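With ideal geometry, Cβ positions are generated from the backbone for all residues, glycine too; neighbour counts draw on all protein chains shown. Read-outs: derived from the displayed coordinates by stated rules, not from any lab.
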Amino acid sequence: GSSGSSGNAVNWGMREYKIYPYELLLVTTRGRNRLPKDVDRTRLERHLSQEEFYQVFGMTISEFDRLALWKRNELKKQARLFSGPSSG
């Protein structure tokens with residue numbers, strides 16, 4: 001296939017999610033999270049490089065998006081990468 005370098009960023013289409021480390025990309029309620037001001041509490045996982053995003057969830061974003069809503073929303077919760085929409 002056609003070769004090509006990648007790394008700059010997710011270059012996503014819906015939005016621009018900068019590449020951030022899982023650590024700071026965590027969602028520790030009171031764990032003193034270090035989430036930046038350019039991360040999506042709903043797409044925090046998308047901010048993880050295909051290299052890390054896998055080391056955390058155990059798969060590639062491509063496969064993750066192919067999972068079940070509950071799974072995609074369940075894993076993040078276990079990886080501290082989920083926030084959830086205002087309940088109250």
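Observations on the model:
- Taking every alpha-carbon pair under 8 Å whose residues sit at least 6 apart, the chain reaches a relative contact order of 27 percent.
- Relative packing of peptides 42-50, 18-26, 58-66 - highest average C-beta neighbours within 10 Å first: 42-50, 18-26, 58-66
- Rounded, prolate or oblate (a/c below 1.5 giving rounded, otherwise prolate when a/b exceeds b/c) for the chain by Cα gyration tensor: prolate
- Assuming charge only on the beta carbon of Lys and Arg (+1) and of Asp and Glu (-1), the dipole of the chain about its Cα centre is about 420 debye to the nearest 20.
- Residue 37 paired with residue 74, simple spin-label distance in nm, labels 7 Å along Cα-to-beta-carbon: 3.7 nm
- Charge-dipole axis of the chain as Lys and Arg at +1 and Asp and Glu at -1 on Cβ define it, positive-most pick from 55, 39, 27: 27
- Relative to the longest principal axis of the Cα atoms of the chain, helix 69-78 runs at roughly 70 degrees.
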